[PDB]
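In: below is the sequence, then the experimental coordinates.
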Amino acid sequence: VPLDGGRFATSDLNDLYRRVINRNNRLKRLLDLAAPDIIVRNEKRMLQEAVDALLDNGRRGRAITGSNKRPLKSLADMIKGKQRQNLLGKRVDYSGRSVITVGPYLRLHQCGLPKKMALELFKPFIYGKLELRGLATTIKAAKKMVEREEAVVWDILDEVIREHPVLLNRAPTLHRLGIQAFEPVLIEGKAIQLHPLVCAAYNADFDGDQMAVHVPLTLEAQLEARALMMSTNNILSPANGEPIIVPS
Amino acid sequence: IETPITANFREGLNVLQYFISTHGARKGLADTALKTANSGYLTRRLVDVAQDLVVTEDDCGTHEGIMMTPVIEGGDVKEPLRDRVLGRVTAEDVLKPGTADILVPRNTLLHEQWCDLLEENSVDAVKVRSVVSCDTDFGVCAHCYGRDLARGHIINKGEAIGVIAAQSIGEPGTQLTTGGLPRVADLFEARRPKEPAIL
Amino acid sequence: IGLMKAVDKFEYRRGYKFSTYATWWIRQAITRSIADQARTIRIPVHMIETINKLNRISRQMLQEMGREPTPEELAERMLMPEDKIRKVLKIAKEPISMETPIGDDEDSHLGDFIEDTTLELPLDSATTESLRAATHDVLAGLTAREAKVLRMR
Amino acid sequence: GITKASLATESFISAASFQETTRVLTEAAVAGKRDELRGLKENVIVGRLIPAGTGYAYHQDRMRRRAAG
Amino acid sequence: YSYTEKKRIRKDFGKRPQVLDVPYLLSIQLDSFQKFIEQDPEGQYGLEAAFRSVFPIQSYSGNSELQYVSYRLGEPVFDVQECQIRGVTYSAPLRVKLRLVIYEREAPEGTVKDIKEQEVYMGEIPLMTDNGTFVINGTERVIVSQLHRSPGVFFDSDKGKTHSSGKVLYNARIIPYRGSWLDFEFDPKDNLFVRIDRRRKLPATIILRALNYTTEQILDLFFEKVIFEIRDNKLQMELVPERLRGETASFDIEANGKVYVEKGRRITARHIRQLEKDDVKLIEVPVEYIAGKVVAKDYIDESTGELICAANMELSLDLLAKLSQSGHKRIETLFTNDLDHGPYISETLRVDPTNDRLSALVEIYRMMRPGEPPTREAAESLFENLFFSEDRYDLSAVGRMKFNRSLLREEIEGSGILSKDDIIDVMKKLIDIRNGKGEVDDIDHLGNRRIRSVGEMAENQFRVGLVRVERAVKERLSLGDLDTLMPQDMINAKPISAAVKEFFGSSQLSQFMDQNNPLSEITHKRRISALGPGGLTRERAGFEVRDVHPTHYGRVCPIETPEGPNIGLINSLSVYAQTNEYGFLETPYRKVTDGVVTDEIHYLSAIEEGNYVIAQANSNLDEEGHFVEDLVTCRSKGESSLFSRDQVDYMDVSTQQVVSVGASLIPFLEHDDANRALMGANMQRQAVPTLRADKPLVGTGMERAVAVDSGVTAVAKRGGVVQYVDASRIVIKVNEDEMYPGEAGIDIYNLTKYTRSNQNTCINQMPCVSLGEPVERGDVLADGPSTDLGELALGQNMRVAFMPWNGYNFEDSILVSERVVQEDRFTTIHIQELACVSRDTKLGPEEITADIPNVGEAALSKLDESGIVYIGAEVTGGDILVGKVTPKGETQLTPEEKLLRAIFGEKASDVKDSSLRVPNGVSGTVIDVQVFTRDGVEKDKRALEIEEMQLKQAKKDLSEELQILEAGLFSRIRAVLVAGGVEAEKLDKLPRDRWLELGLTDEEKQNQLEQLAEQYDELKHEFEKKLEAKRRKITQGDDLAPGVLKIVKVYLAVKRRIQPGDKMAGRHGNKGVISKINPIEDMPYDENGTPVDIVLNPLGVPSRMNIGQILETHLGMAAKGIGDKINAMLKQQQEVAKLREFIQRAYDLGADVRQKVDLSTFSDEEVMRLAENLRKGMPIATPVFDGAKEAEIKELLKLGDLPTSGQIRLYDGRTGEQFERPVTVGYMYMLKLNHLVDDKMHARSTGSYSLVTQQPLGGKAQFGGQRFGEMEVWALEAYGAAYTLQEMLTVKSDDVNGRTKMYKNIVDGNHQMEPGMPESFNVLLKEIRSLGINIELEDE
Ligand SMILES: Cc1noc(C)c1S(=O)(=O)Nc1c(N2CCC(NCc3ccc(C(F)(F)F)cc3)CC2)c(=O)c1=O
Ligand SMILES: [Mg+2]
Ligand SMILES: [Zn+2]
């Protein structure tokens, strides 16, 4: 692939295959030129090496990459993907995050969500909802309305937000309480407001901790967050019958 | 160190007092970091071994179960009997101090009014159904597991008890201290000790 | 292989020593080969000479200038359009490794940041399906003779 | 030991995730193993519902239908 | 008291007097660099030592030699500012003189022609700022000092764990400064081994055999010989009486018609004394005794000419008979004593495969270079270039001295390579320690860990640049031409420039200066690191080296070290601590001759210190210098207890020498728990500089020295009076005494204004002196960011109350009154650099043009004719800053679109909008625009307008300086001509320039005037020589990278207020995120009606035992109290005496303190200035471990009419009613750390996706998505969220089709997902199928 400045970048396979291809053709040629046994064996030996390096560089002398000192990555190494090994884990859409602060007013089942975040998150819901209510002509039309942050969209947003809960996650996810669902209450600010009783499970303070938020798109998922992951359902701990939602 | 920090924090700690205070602190911090890293490595290995373990059967109907008694260490009890039985289903019907009268029938789930009934009576030993005992092939029977949930009822079909089990163990693992988190690691890993005893 | 050819074209009767005659043929097959397979993106022979030549002019002017020559300085030494140098320098680079680890020494590699530009956005994919629906409502509103004729043009 | 216990698995997909991948993969291949799925991780990788929970309802239906009529 | 001091004196507490003050904090950096770049006329480290090492470079016996003369550094191309503005490096070019000599063949050292080639250029080397930073590419950067193992020899153990037997083995390592390692180690069976570097193990006699030692001679080296004689017939033994210690007798040991020890009795200290006094030298022994005794040298039968026995071979009873009948009178055995003199070398010889000198050489070659065929030239040349060649090996003096010191030699300096003796003696030592006598040295100890910094590290890199050029010269002198080439043709500056640039650029020890704070700067420069080259990695070590060592005391700080994964690998340097001449850390001490404490300072190494007994700083001594108590607490050898009066050899310099500068700035430290201290000390650094510099009421006393030494502030060079002040510049009319005879002088100081910092904050200066003020040498002329009148001001003091306020201070969250957000006092300014790049693509070039497609007039209206936004224009998110367009024609549109193009009939664009626009959310004021065009490419309208304004601006500053300088010279002349020829009115009536034409009578005054005239024209000439250069730099085409036609950098200044989500903290490790901003009314208020600024939770104090934060709050209350009393008197306008009395009362409070005060200070003009400066509160200093006691605080509270409690009754602003119990209130210095929520918040609906893995990726302002890991997957698995999991890592990520099919449904109003397969797997399939494996998807 091209880059900026006219620079080019490539996967290390291309280097390796090139070696197979070249040594394979050099040999095809020597068979008709009637080379002496010493050379064809030598070439037959080299071809073995290039192939072995393509598939699993490492079980031999380990060929190093073009100019760069570092050795090239062979097919078998792309099959793993974790150099013990790395945990994770993939990146997801409809998701955000920020610093968390308090929020004593909340009920157990709700959470505080910045106005701005909410907007950018539910964007597609909002777009359809405008043109389903005839405020926007087309989709392109809604695109711009929400860009302008017209007073009418703030009303529409309260609608797509009503019975639609979000999920909130904290740094290490030890037990399943690491992710819990909340009904979103709209907030002016840029801070996520969390219920004080739930802090315990999450192991959250307000010493600068941060949490992420996820939107359950499909319907089944909305319900799965209302019936299983909803803050109110997880009142007791699954490690021992005693309640985790404890006055702090 | 033989001479301890005689002063406190309302008082001032002098130079040699602080300097010595330091090591304890620095070791502490490092120690928590490592104990955080190791608690997760366990859980990872734990979830690996469980994972696929799901509540499949409704009731495998075996009578085989383990025998529950209060822990009782040394002089007096370290953890009482009520806690160990609560929420577990009974393997066979237990009786009062005098027989002929069964207080609780064959496989009844022992809850709060039952435990209070088994505390009203001097009952001290109970045989209970366990996942280790459960016949069920490829899964665990609903009855054998018990109930515990964030819901107060018996466990439902299809819940991945395995994963939830794992999580439960390594999560508070950060708090732990032969012994400590590494001892726990050794137990699960089933390691033979240096000088073993033959029977 | 450059040897394997010196042996066929050899004539001992010319009294030429085989130890130097082949030296030309072996040295010929080696340097011709580097020209074809040493590069990921193959460039022609006249292009490699051009390149090497410029590193010779740069050497001369390196401490000669006190710092280093301007892109349009070497341009003057050279018979060619002299701007071509910019094009030459750009092609002559050779691709950088996609698996080159970037900062924090993390498993984060170069390729992980190359975004896909060929793709079509979802926000866009919708407006198009929507433009289909909108032009239809408009076409059906017209007279049938007019719609069929428009859809043809 | 759990670490050894986790090693035995019917599902070569699930195996390749944590064990040594070359080894798992080599051995499965010679054998001509067939992963029937039925397990948590293996379905996640391949991308279908989990054989537990909500998905439990569906997976139970797919299993009986398999090798039936 | 000095002119800046006189304005605001901070009241100091604490008894102890400072005998030694804080030395120039940034010394380590500035001293280091100096030695590297200094012209030294000896072999001491530096560029000179660098050249001398690799030179001369002589041809392979070709007798053509290139030799080094001398180097030079030409003045830089650009100054520091130009460097940062343009964006290049600040370096001086290296011009070195080289001599090429060609020798005659064949004459004994006769030279043909020699060319003394002029100074050839071999690269530029970047230069250090007065602050110790390097500008690398227009960015200030710091090179962190390294802490590594000192070179030489060190012996270790590795007890117990080695093989689990218990035994403990012993290793010896010979680590040089450059060259291979040589290891000597014991195996379990007591045999000695060796390994070069970490390679294969070999028996230790092989290396001696390689040095030309025969079996006979090696046994001759290590062991003592025991002589056996066969006088008359059958045996006799030469005896030394001491030899028989730790042995039980085997036979009847009788001598001289007397029996000393009977058969089977242990020879003890008694049998040894008796034989010793008697003088017994020969005793008779039996034949059977030498059945195991090993023979030392070979023995042969003379007659046959055959070998009876070889050296190091056990004797048998038949063998004894053989050498005796062959007529051998003596035998040489070994003295093998199991406990004392073990036969370890004797048993190793038996393991040894080799037999001679070559055999050894071959074996060692075969280990080092295995597989390849060993030659003779090779094996010999390899062994010599391992430890004996000056090129490939150098112990360095540091190492040489340490090496000799460990073997206990008389010397301190020797060679750089190992002698035969060096290797032998090292062995001889390692063997003593196994036998007994000898202790192994621990690594952790700071006498074995050495410290390296910038200068030396770079000298090391320049050597590597030379060794590789050495290769080019040798390669060239090979094909040698005669007097045609010159040393210039062959020396290539690029690899030299490349290597130095890499070191300063990409290096672990080089990084961007922590520039968000003046502590951040100063602490960064003083950072130590065990990391990098020649240092361990996080994963390799090893809690033993991380931890606090006793030798750390007063050398490194026990607390300032990171919480992260590298705790204890970093550390910050102790205040008074310096770098030793050989490179060790030494801390200063007071000499105690007999019983009196001198005022003489002695600096001590980690080992010097170990011997002496040192008295605590925390000691009591009076009068001449006598200790008050007979018993004083002292530390001696690693431990500390109570000691005798006349016994101490030394005493600590200060209460603060154990901590670091960042630690010395935490008040009442003593009252904080080390765990929380560490965090605050780290947190102080992350403080962003406020809009208005406050100054702490509660300080410690460093605050000033910290601000001065860091160059954020502007300090006096010479002292005089202020001629002109201006937000722009300050000019000082120098005092005659400090002045220089010629060229008069008036110092002009130019202030740094509203510019960007490395952490995108705002680094700006301000004039603190006003017109016509007398200044002293070393006073602050201007303040810098987060500095108030000379003192360090990272934050601002707040009125604080401790109480739970309905849960708005639940975890650590903080509650703040609007009054703080109104006063704009925690407001902070941020500056951003945003560049638009105009490049060349294959489709054509990119245009920076005002004409952009699909944009409303209103959008374009913010741009100038060229397409570049106007300076001063207030912009918001989305607004176009630089209009750019990228060529892209032949779109190929759809038929529905084609219809639309006929209807509205719009012309389609062959260009794409690539303009730079304000990132979403951010909003500020454009404050500068810089254009950089490629040379040769035509400058646009805006580009030139800027060049013009600059030239004008350049000519103005230049001329104005010259103008002030002219008057300064001419004023000096008027005073010189009047002192001997006064014409006070007669003089100024003629033109000022025609004065130079007047002479004077016979004096040096005639010479002084001559000097001023001379300096007058050098100024005239320099002004013109500068204006030329400045003009050139403005006009000249900035060199741009490939592809790029031109670049537009816009600088945006955003004013960020303070909101919920922002992080705040105090100096005592108390974190906190502001929770809710509240109305003024609702605030808890006291009886006077004055509300609290910030409400804090009291629960964060018992748990996190940082108790000093409370004392901050009480002493802060007392502090502000004194100010209120003064503000009261100031408002009533009492009088000079009334204010004097109270103030003098205040600076005396506490009893027996070191403060001191007036009356000397001038009743008027002076006292009133101080008064006004105190009305905001009275600044107080609490030394670190010499702090102010509870009592002193309570009395200062009494003096402000405040309660001793420190507690007041308060009322809720909401209900008006009283809170039961009194709550603590007072003032606490609080910071704003740059973790602002504005930066932290992120969100994404749909967006961009990566090329390989079709996975969310951010680029076009719009950030990537959040990472949903395995861990979280388990979470959903634990619930029943099967659909939540499916949509999560299918449609919301890798599913290239489903992802859009979803988005389409959502807008259509359908909550359905159509799953399908993720790419992540789909790819795996192709990847393994491209191995020979077939994977398939089975069944229906
Ligand atoms: C998220 C997440 N958290 O846990 C899970 C699991 C997920 S995932 O379902 O999205 N799967 C995911 C990934 N790959 C790629 C690497 C591959 N591991 C080795 C392997 C297994 C099976 C074979 C076979 F047998 F199929 F050939 C070959 C190689 C596993 C699958 C990622 O990366 C990644 O993020
Ligand atoms: Mg926290
Ligand atoms: Zn069961």
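Out: Received it, and whenever you're ready, just let me know what you need. Residues are numbered from 1 along each chain as shown, chains lettered A, B, ... in the order given. Ligands and ions are numbered 1, 2, ... in the order given.

In: all helices of the chain, in order?
Out: Let's take chain A. A:12-32, A:37-56, A:75-80, A:115-132, A:139-148, A:151-161, A:199-202, A:219-227 (DSSP state H).

In: actually chain D
Out: Counting by DSSP H, the segments of chain D that form helices are D:2-5, D:12-18, D:21-31, D:40-46, D:53-65.

In: and the helices of chain A: which comes nearest ligand 1?
Out: Within those, the stretch nearest ligand 1 is helix A:75-80; the backing value is 5.0 Å (CB to the nearest ligand atom). Any C-beta I mention is one placed from the backbone N, CA and C, and that applies to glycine too.

In: say whether chain C is contacted by the closest one.
Out: No - for a cut-off given as CB under 8 Å from any CB of the partner chain, helix A:75-80 has no contacts with chain C; the smallest distance is 9.1 Å.

In: can you show me the CA trace of that helix as PDB?
Out: Below are the C-alpha coordinates for helix A:75-80, written out as PDB (Å, rounded to 0.1, in the frame of the first residue of the first chain):
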ATOM      1  CA  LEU A  75       2.400 -17.300   8.100                       C
ATOM      2  CA  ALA A  76       2.400 -19.400  11.300                       C
ATOM      3  CA  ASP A  77       3.100 -16.400  13.300                       C
ATOM      4  CA  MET A  78       0.000 -14.600  11.900                       C
ATOM      5  CA  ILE A  79      -2.100 -17.500  13.000                       C
ATOM      6  CA  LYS A  80      -1.300 -16.800  16.700                       C
END
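
In: how about the residues of chain B near chain A?
Out: Proximity of chain B to chain A (CB under 8 Å from any CB) is limited to residues B:40-41, B:43-44, B:86-87, B:148-152, B:164, B:167-168, B:170-172.

In: for ChimeraX, what selects the buried ones among those residues?
Out: Only the buried entries of those go into this ChimeraX selection, using 16 or more other CB atoms under 10 Å in any protein chain shown:
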select /B:40,43,44,86,87,148,149,150,164,167,168,170,171
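
In: in helices only, show me the residues of chain B next to chain A.
Out: Those of these lying in helices (DSSP H): B:40-41, B:43-44, B:164, B:167-168, B:170.

In: nearest to residue E:283 among these?
Out: residue B:41 (69.3 Å; CB to CB).

In: for chain C, which segments count as helices?
Out: Ranges of helices in chain C, per DSSP H, are C:2-6, C:18-37, C:45-62, C:74-77, C:84-91, C:122-141, C:144-152.

In: and stretch E:1154-1172, what's buried?
Out: With the criterion 16+ other CB under 10 Å, stretch E:1154-1172 contains buried residues E:1158, E:1161, E:1167, E:1170-1171.

In: and stretch E:1079-1087, by the same measure?
Out: E:1082-1086.

In: and that stretch, C-alpha only, in PDB?
Out: What follows is stretch E:1079-1087, C-alpha atoms only, in PDB (Å, rounded to 0.1, in the frame of the first residue of the first chain):
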ATOM      1  CA  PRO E1079     -24.100  27.900  43.400                       C
ATOM      2  CA  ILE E1080     -22.500  30.500  45.900                       C
ATOM      3  CA  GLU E1081     -25.600  30.300  48.000                       C
ATOM      4  CA  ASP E1082     -25.700  26.700  48.700                       C
ATOM      5  CA  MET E1083     -22.200  26.700  50.100                       C
ATOM      6  CA  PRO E1084     -21.700  26.100  53.700                       C
ATOM      7  CA  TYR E1085     -20.900  29.500  55.300                       C
ATOM      8  CA  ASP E1086     -19.400  30.600  58.700                       C
ATOM      9  CA  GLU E1087     -20.900  33.200  61.000                       C
END
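
In: can that stretch be said to contact chain A?
Out: No - using CB under 8 Å from any CB, we find that stretch E:1079-1087 stays clear of chain A, coming within 14.1 Å at best.

In: who touches that stretch?
Out: The contact list for stretch E:1079-1087 (CB atoms under 8 Å, 6 or more residues apart in numbering or on different chains) reads E:801, E:803, E:805, E:817-819, E:1091-1092, E:1095, E:1208-1214, E:1219, E:1223, E:1225.

In: which of those count as buried?
Out: Neighbour-count burial (16+ other CB under 10 Å) is assigned, among the contacts of stretch E:1079-1087, to E:801, E:803, E:805, E:817, E:819, E:1091-1092, E:1095, E:1208, E:1210-1211, E:1213, E:1223, E:1225.

In: near ligand 1, which residues of chain B?
Out: With the criterion set to CB under 6 Å from any ligand atom, chain B never comes near ligand 1.

In: which stretches in chain B count as strands?
Out: Applying DSSP state E to chain B gives strands spanning B:55-57, B:66-68, B:94-95, B:102-104, B:126-128, B:140-141.

In: next one: stretch E:811-830 to chain centre, how far?
Out: Stretch E:811-830 sits 34 Å away from the centroid of its parent chain (CA atoms, centre = their mean, to the nearest Å).

In: nope, stretch E:242-261 is what I was after
Out: 67 Å.

In: follow-up on the earlier one: tell me which of the helices of chain A sits nearest to residue E:209.
Out: For residue E:209, the closest of the helices of chain A is helix A:37-56, at 39.0 Å, according to CB to CB.

In: buried set for the closest one?
Out: For helix A:37-56, by 16+ other CB under 10 Å, it's A:39, A:43, A:46-47, A:50, A:52-56.

In: same question, stretch B:88-103
Out: With burial defined by 16+ other CB under 10 Å, the residues of stretch B:88-103 counted as buried are B:88-92, B:94, B:103.

In: so how far is that stretch off the chain centroid?
Out: With CA atoms, centre = their mean, you get 25 Å for stretch B:88-103.

In: just give me the neighbour total for residue 84.
Out: In the absence of a named chain, this looks at chain A. Other residues within reach of residue A:84, judged by other CB atoms under 10 Å in any protein chain shown, total 9.

In: actually chain C
Out: 12.

In: re earlier: what's the closest of the buried residues of stretch E:1079-1087 to residue E:1321?
Out: In terms of CB to CB, no member of those lies closer to residue E:1321 than residue E:1082, at 56.7 Å.

In: is residue E:156 bridged to anything, and to what?
Out: Listed by DSSP bridges, the beta-bridge partners for residue E:156 are residue E:171.

In: export the buried residues of helix A:37-56 to CSV and tack on distance to residue E:1338?
Out: Listed next are the buried residues of helix A:37-56 as CSV, based on distance: CB to CB, whole Å:
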residue, distance to residue E:1338
A:39, 47
A:43, 41
A:46, 39
A:47, 35
A:50, 34
A:52, 31
A:53, 33
A:54, 28
A:55, 25
A:56, 27
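
In: wait, which of those is closest to residue E:108?
Out: Residue E:108 lies nearest to residue A:39 out of the buried residues of helix A:37-56, by CB to CB, at 52.3 Å.

In: what's the neighbour count on the nearest residue to the closest one once chain neighbours are set aside?
Out: Closest residue to residue A:39 apart from its sequence neighbours, by CB to CB, 6 or more residues apart in numbering or on different chains: residue A:30 at 6.4 Å. The number of residues packed near residue A:30 is 18, by other CB under 10 Å.

In: the buried residues of stretch E:1079-1087 also near ligand 3: which ones?
Out: Contacts with ligand 3 within those, counted by CB under 5 Å from the ion: none were found.

In: can you redo those as JSON lines with secondary structure and distance to residue E:932?
Out: Shown next, in JSON lines, are the buried residues of stretch E:1079-1087 (DSSP: H, G, I helix; E, B strand; the rest coil; distance: CB to CB, whole Å):
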{"residue": "E:1082", "secondary structure": "coil", "distance to residue E:932": "53"}
{"residue": "E:1083", "secondary structure": "coil", "distance to residue E:932": "52"}
{"residue": "E:1084", "secondary structure": "coil", "distance to residue E:932": "56"}
{"residue": "E:1085", "secondary structure": "strand", "distance to residue E:932": "57"}
{"residue": "E:1086", "secondary structure": "strand", "distance to residue E:932": "59"}
